[PDB]
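Visitor: My questions will all concern the structure given below.
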Protein chains: 6
Amino acid sequence: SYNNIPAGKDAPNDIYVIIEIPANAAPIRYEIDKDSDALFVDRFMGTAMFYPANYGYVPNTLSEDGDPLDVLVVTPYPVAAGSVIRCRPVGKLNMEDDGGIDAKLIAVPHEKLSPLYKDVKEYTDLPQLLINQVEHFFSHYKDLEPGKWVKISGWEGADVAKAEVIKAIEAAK
Amino acid sequence: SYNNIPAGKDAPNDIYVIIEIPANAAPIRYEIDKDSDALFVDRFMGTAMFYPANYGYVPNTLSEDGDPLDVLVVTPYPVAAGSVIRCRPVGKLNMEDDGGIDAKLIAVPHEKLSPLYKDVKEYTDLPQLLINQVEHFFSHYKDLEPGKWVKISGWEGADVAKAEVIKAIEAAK
Amino acid sequence: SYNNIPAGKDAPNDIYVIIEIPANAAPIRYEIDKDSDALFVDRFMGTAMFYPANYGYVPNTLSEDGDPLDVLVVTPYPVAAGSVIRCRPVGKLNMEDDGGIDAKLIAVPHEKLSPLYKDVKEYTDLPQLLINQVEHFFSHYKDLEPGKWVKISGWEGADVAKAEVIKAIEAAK
Amino acid sequence: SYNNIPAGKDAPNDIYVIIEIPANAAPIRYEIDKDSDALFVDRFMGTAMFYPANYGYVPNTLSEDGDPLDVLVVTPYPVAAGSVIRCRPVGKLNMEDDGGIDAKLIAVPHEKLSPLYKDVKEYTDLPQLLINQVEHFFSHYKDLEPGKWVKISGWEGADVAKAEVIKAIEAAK
Amino acid sequence: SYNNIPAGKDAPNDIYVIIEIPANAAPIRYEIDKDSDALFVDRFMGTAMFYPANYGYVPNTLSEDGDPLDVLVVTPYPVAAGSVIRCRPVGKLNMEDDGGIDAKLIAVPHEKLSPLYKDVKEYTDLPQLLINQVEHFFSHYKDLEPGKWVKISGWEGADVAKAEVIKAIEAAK
Amino acid sequence: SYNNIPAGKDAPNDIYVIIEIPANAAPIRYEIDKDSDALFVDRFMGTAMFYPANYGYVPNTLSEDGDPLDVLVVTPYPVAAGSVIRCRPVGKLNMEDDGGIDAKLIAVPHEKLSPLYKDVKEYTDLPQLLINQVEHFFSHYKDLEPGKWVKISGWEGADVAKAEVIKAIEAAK
């Protein structure tokens with residue numbers, strides 16, 4: 001049970017993220033059931049696109065999606081599906097979808113995992129093309145799913161990124 | 001425990017299949033133990049062949065193999081090992097092996113996973129080469145395993161494919 | 001030399017396409033120099049997208065924009081970069097570029113290369129999602145390259161594709 | 001829980017090994033937590049190196065690392081992460097590290113998994129370059145991790161390789 | 001040009017092989033044009049099989065069937081398509097085709113390319129399963145291509161392989 | 001022909017590099033013949049290491065050791081072997097070989113190829129770990145090839161890299 005994994009070692013700036021879809025992976029949406037812990041294939045993406053970064057969730061949280069809080073982690077090389085990355089939140093990606101709103105945070109590995117992003121304090125420190133690529137992926141990856149839309153709102157800093165994790169931690173209590 | 005996963009949402013025409021070997025994967029037979037849920041490597045295949053499609057089993061079933069009922073699912077791109085696909089059975093592949101008989105069903109993803117096979121009602125709707133390739137794989141993939149043989153019998157439709165799942169559901173009760 | 005290859009053994013029904021970019025490949029736009037026949041790295045794609053079919057051109061052809069005839073070849077597996085596929089046109093995709101009007105043909109392999117695409121004689125015989133991914137790919141793969149933009153106009157039948165081949169072979173060396 | 005898996009079927013010469021890092025894999029150290037069973041990313045390796053073989057551990061053991069006994073298995077093709085290989089120990093690789101000593105055994109699949117190494121009785125039967133490559137990997141793969149060193153001591157045979165498993169079996173009792 | 005390459009620095013012990021199909025590659029039969037030196041897509045394989053060694057030919061040789069000498073080069077890792085391996089023959093595989101009689105040599109890389117195959121001087125020094133996969137691959141990889149069929153006759157020693165090289169170099173340009 | 005390509009559109013700021021070995025590729029050292037322009041397999045690497053950047057040379061240049069100018073091109077994704085990257089030098093790596101003194105330039109792609117490396121104007125603008133992996137790779141990738149050894153001397157600025165380009169173009173065809 002992935003519930004055994006804490007939301008981190010020192011939340012907010014130390015979250016664990018269980019990866020469901022690796023970066024640059026096959027065009028397949030995976031989602032982890034929270035009763036069997038198995039990797040469920042949600043949909044074979046219609047668009048000819050791939051995820052710009054690893055995307056998963058923080059364990060033992062709850063937002064207004066009904067499901068835990070979604071995270072996108074940037075790594076030097078994609079991680080295996082079902083893996084847990086000790087990362088640090090550095091931004092929040094707000095956007096409106098068919099069923100209300102959705103909010104993704106962008107994350108980055110920790111001191112002991114990788115020195116690559118010691119200078120990444122907030123999402124603006126990542127390369128501009130990546131941020132532009134992350135926005136472009138979510139706006140268009142569901143363009144062939146009938147009835148489903150996505151519109152990108154704006155970005156928010158790490159301090160508010162590290163805020164929504166604070167509120168999702170006890171919303172699961 | 002994969003036993004938490006039901007055999008489906010609306011059996012017969014809505015089975016779940018836990019994939020043990022992805023399509024076009026490395027020449028390695030994986031099998032999921034049903035006590036630890038871990039992915040066990042059964043044998044490194046002697047033949048220079050790969051699985052024509054993802055092959056796994058429906059959870060919480062039982063046939064006359066002693067183990068659950070085996071399924072081959074056709075997907076636009078191979079799924080990760082240990083994943084569960086919400087698919088629909090569309091055929092049955094009968095064949096005789098060293099220890100009696102074995103029966104595989106061919107399956108196909110569902111409305112909400114992929115529109116690719118909305119027109120696939122039975123195995124004859126899949127391309128002929130695939131069916132010919134699935135038969136050729138099982139007939140020859142054990143040609144270098146000493147003492148083991150496989151002979152291909154015939155094909156059966158979805159209605160009888162959806163029959164053996166009916167009988168394997170309660171044979172596990 | 002590359003232009004030591006005819007446009008087709010029996011054009012326009014039988015044509016050759018040198019492949020410049022493979023399908024499902026890394027997002028690297030390759031274009032083949034004709035002074036040198038070396039593979040030139042033209043663009044590292046900004047958008048998180050991949051080519052839905054192997055992209056290339058017909059040897060010994062000259063289109064309007066000054067270069068040979070663009071062809072997307074649909075194959076069972078992605079072919080190597082710089083390899084020659086013997087194929088047959090089945091449709092034509094029309095668009096307007098930043099430089100004016102553009103057009104990409106779509107083709108399936110020759111009968112002797114694969115039996116998978118024989119009853120595919122028009123582009124509408126191809127899967128409906130594949131046609132939509134080609135439309136979606138070309139409409140958005142330049143979204144993050146500045147100065148470029150693509151507007152999808154509409155498809156034309158297999159007979160017009162063979163006509164544009166005839167006209168491209170016409171004005172060339 | 002991987003604890004359900006025995007240390008083998010007939011220890012010593014029949015150990016099970018849960019693979020955490022596949023061979024020739026991405027430069028990523030994985031480690032399996034022994035409370036959640038999840039695949040944890042330990043560190044993104046600084047060196048431009050890959051693991052010469054699959055490396056994991058024997059379940060339900062304990063050495064003087066505090067963690068179970070580490071094993072390197074040689075296979076015809078890399079196994080998926082989180083898989084369990086029925087292998088046979090054929091050597092011991094002693095070496096001193098920043099925190100005391102570490103000891104790895106080299107292993108090899110069994111009769112029923114692969115005939116490739118029926119003649120491999122001890123690590124000297126494997127190709128010399130592999131042994132030289134295994135030594136070179138561990139000596140240098142942490143050259144960019146600050147504060148961490150590794151020095152290679154020597155090799156020991158299967159009989160002593162099959163000894164340390166004997167002592168790690170009951171050290172977990 | 002490709003035929004600007006000798007059959008070997010010191011034939012028949014030292015030979016060159018241009019590789020047409022890599023090992024463990026996608027099931028695409030490539031053959032290299034000699035008018036053009038471009039890589040031609042000859043066949044999308046029907047059978048779910050892959051080449052057990054990199055397939056190619058010796059430059060500046062002419063066999064009976066009208067084409068250069070077929071050689072399978074066993075390498076630690078699959079080499080790129082269209083690349084030149086400096087290798088040494090160790091055996092000969094004999095068969096009868098639909099067009100008559102055929103023969104494929106098997107070779108291991110030159111000493112300066114790898115120390116892994118030095119004490120391999122006959123094909124029986126290669127692993128016994130590898131010899132059987134080459135026999136099984138050629139006997140079945142054309143099972144689904146109509147009009148073709150291959151019958152394995154038997155192997156011949158390393159000395160006959162060097163003799164066929166001498167005779168192939170003999171009648172050529 | 002390959003030497004039908006200039007050293008650069010506007011050397012030394014704009015240069016071309018034919019890539020001989022891609023990044024993160026299989027440990028196969030390729031070198032491009034100039035008699036033939038075919039890709040020659042030079043060495044199957046003994047050490048379990050991979051190239052940290054795509055390795056190649058500048059056309060129409062002549063260095064001291066008799067061959068064109070070595071350049072490592074850092075790219076978002078590894079480019080195909082034998083492809084031409086339009087790039088800009090940002091630093092120089094100096095070393096002493098078994099044959100004397102050696103030097104490898106490091107380069108980032110031209111502005112028109114990617115916006116990711118524009119504010120990279122010196123090699124110290126590249127990530128500090130990447131600089132260390134190139135130093136570590138060249139210092140150890142020949143550890144298991146006998147007769148060879150590499151000693152890292154130190155880096156030099158982007159202005160010296162443009163100077164060595166000028167001198168390499170100078171004494172050449």
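By convention in this document, the chains of the structure tokens carry letters A, B, ... by their order, each chain's residues are numbered from 1, and ligands are numbered from 1 in the order they are shown.
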Using DSSP on the backbone coordinates, identify the residues of region 7-143 of chain A assigned to strand (DSSP E or B); present them as a ChimeraX atom specification.

Guide: /A:8,15-21,28-32,39-44,49,54-57,70-73,83-97,100-109

Visitor: Give me, as an MDAnalysis selection string, the residues of chain A that a backbone DSSP run labels alpha helix (DSSP H).

Guide: chainID A and resid 128:140 158:170

Visitor: Pull out every residue of chain F that has at least one atom within 10 Å of chain E, counting only C-alpha atoms, and report them as a VMD selection string.

Guide: chain F and resid 1 26 to 33 35 to 46 80 to 81 145 to 146

Visitor: Rounded to one decimal place, report the CA of residue 73 (chain D)-CA of residue 58 (chain D) distance in Å.

Guide: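 For CA of residue 73 (chain D) relative to CA of residue 58 (chain D), the distance reads 11.1 Å.
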
Visitor: Any idea what the distance is between CA of residue 169 (chain C) and CA of residue 34 (chain C)?

Guide: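 Going from CA of residue 169 (chain C) over to CA of residue 34 (chain C), I get 16.7 Å.
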
Visitor: Just the residues within 7 Å of residue 162 (chain F), please, counting only C-alpha atoms, with nothing from its chain fewer than 3 positions along; format it as a list in words.

Guide: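 Listed by chain and then number, they are residues 12, 13, 89, 158, 159, 165 and 166 of chain F.
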
Visitor: Neighbouring residues of residue 134 (chain F) were defined as those with any atom within 9 Å, considering only C-alpha atoms; residues of the same chain fewer than 5 positions away were excluded. Please report them as a list in words.

Guide: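 These residues fall inside the cut-off: residues 47 and 48 of chain D; 51, 52, 53, 93, 129 and 139 of chain F.
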
Visitor: Go ahead and write the selection's residues with N, CA and C atoms as a CSV table (one decimal), in the first residue's frame.

Guide:
chain,number,residue,atom,x,y,z
D,47,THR,N,28.2,10.1,-12.4
D,47,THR,CA,29.1,9.5,-13.5
D,47,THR,C,28.3,9.1,-14.7
D,48,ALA,N,28.9,9.1,-15.9
D,48,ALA,CA,28.3,8.7,-17.1
D,48,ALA,C,28.5,7.2,-17.3
F,51,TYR,N,28.8,8.0,-23.7
F,51,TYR,CA,29.2,9.3,-24.0
F,51,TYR,C,28.3,10.4,-23.4
F,52,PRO,N,28.8,11.4,-22.7
F,52,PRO,CA,27.9,12.4,-22.1
F,52,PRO,C,27.4,13.4,-23.0
F,53,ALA,N,27.9,13.5,-24.2
F,53,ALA,CA,27.5,14.4,-25.3
F,53,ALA,C,27.8,13.7,-26.6
F,93,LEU,N,38.5,21.3,-23.8
F,93,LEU,CA,39.0,20.4,-22.8
F,93,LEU,C,40.4,19.9,-23.3
F,129,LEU,N,27.8,19.7,-13.1
F,129,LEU,CA,27.9,18.3,-13.1
F,129,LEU,C,28.2,17.7,-14.5
F,139,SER,N,38.5,10.6,-18.7
F,139,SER,CA,39.6,10.1,-17.8
F,139,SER,C,39.5,8.6,-17.6

Visitor: Need to verify the contact set: residue 121 (chain F), 10 Å, only C-alpha atoms, exclusion of same-chain residues closer than 5 positions in sequence. Can you return it as a ChimeraX atom specification?

Guide: /F:88-91,107-108,126,157-159

Visitor: Got time to write the residues from that selection, N, CA and C atoms, as a short mmCIF file (atom, residue, chain, number, x, y, z; two decimals), in the first residue's frame?

Guide:
data_model
loop_
_atom_site.label_atom_id
_atom_site.label_comp_id
_atom_site.auth_asym_id
_atom_site.auth_seq_id
_atom_site.Cartn_x
_atom_site.Cartn_y
_atom_site.Cartn_z
N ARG F 88 27.97 25.97 -31.89
CA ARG F 88 28.86 27.07 -31.52
C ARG F 88 29.75 26.64 -30.36
N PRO F 89 31.07 26.77 -30.49
CA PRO F 89 31.96 26.37 -29.39
C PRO F 89 31.86 27.30 -28.20
N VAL F 90 31.97 26.71 -27.00
CA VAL F 90 31.89 27.45 -25.75
C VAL F 90 33.03 27.12 -24.80
N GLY F 91 33.90 26.18 -25.15
CA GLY F 91 34.98 25.79 -24.25
C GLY F 91 35.87 24.77 -24.93
N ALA F 107 30.61 22.16 -27.53
CA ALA F 107 29.80 23.10 -28.29
C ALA F 107 28.33 22.92 -27.94
N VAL F 108 27.57 23.98 -28.17
CA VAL F 108 26.12 23.98 -27.97
C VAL F 108 25.48 24.32 -29.31
N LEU F 126 27.40 25.95 -18.73
CA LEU F 126 26.82 24.63 -18.69
C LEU F 126 26.75 24.15 -17.24
N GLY F 157 38.83 28.61 -22.20
CA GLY F 157 37.62 29.37 -22.44
C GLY F 157 37.07 29.23 -23.86
N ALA F 158 35.92 29.87 -24.07
CA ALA F 158 35.27 29.83 -25.37
C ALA F 158 36.09 30.52 -26.44
N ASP F 159 36.92 31.49 -26.06
CA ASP F 159 37.71 32.21 -27.04
C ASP F 159 38.85 31.36 -27.58
#

Visitor: Report, in Å with one decimal, the straight-line distance from CA of residue 67 (chain E) to CA of residue 8 (chain C).

Guide: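 Going from CA of residue 67 (chain E) over to CA of residue 8 (chain C) covers 22.9 Å.
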